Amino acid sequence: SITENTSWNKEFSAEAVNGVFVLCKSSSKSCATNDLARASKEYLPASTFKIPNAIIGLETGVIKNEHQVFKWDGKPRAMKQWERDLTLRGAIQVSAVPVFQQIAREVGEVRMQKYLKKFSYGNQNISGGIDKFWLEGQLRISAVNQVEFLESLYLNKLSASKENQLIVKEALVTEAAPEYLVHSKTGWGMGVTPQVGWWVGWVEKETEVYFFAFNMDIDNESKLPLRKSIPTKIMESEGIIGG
C-alpha cells in the first residue's frame, strides 16, 4: 500500500533537495513516495503541530470556539506578523507560536500526552518542556504518519468531536477554487539539525481526495519556498492541483 515512485526525484535534483513526498489517493492505503526510507523517517513537526494542538485546545476547552480572538499584549514577538490580535485561523495560518505555546501550557502535559496517544501522533514524545516539545524537544513524526493523521481529520475519525474537527478544517483552507479546494500547513523547524521544512495537507478535486505530506532538509533560508513548490509541481503534473 506504499510504492516508490521513481518518477519523482527529478523534481528534487535541480535544487539539490534531500526530501520526501508522500501522496495518497482516497485513503492512506494507496500511497506513493519518491523515497520509501525517508517516507517513514520521523522528523520534528515544528509548526505542523499546530493542527493537533488546535484540535486538543478545542477538545479540552482551552480554546473556546472558532470565534475566539487571541489578543496581543503588546510585548515584542519574534515575527512582526504575530504582533496583532489573531483569530484561531489567523494564528494557525501565520504560525503564531506564542499563541500555541500558551495553548499548550493550558492543555498541560497529562492531557497533551493522552491526546497524542489517541491520535497516534508520531513517536508521542512530549519531552523537552510543555511549550517546546514540537519546536526543539523530542517529538518526531513521519510523512506517512502525517498523511494518516490528516486522513483521519478529513473523515472526522480522530478521537475528537466532529464539530471541533470541522472548526480546524476550515482554519486550514489555503486555496479555494470552484474546481478544487486545498487544506494545508507549512512548517520550518530551525530547532533541529538539519533544519526541516514541511508542507502537509489534502486536496479535494471533483469527487476525489488526495492526502499529501512533504518534508525536506532546509540547507539555507532562501530554499524555504521549495517546501511548497516541489510538491505543488508534482501534484500539478498528476492533475490533482489545477482546474
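For the two forms, the rigid core is made up of the largest set of C-alpha atoms that agree within 1.5 Å on superposition. From 1 onward, residues are counted along the sequence shown.
Between stretches 170-178 and 27-35, greater average Cα displacement in 7 other deposited structures of this protein relative to the shown form, fitted by the core, falls on 27-35. Stretch 73-81 is the one, of 131-139 and 73-81, whose CA positions lie farther from the shown form in 7 other deposited structures of this protein once all structures are superposed by the rigid core. Taking the PDB entry as given, 78-86 carries the higher mean Cα B factor of the two stretches 78-86 and 157-165.
Relative to one another, 19-27 and 6-14 have unequal mean CA B-factors, and 6-14 is the one with the higher figure. The residue among 140, 105, 71, 114 whose C-alpha atom has the highest B-factor in the PDB entry is 71. For the set 56, 177, 46, 200, the maximum C-alpha B-factor listed in the entry falls on 177.
When the modelled residues of the chain are ordered by their C-alpha B factor, residue 191 lands in the highest third. Residue-level temperature factors show residue 64 in the highest third of its chain, judged at the C-alpha atom. For residue 127, the recorded CA temperature factor ranks within the highest third of the chain's modelled residues. In this PDB entry, residue 182 carries a Cα temperature factor that places it within the lowest third of its chain's modelled residues. The PDB entry assigns residue 213 a C-alpha temperature factor belonging to the lowest third of its chain's modelled residues.
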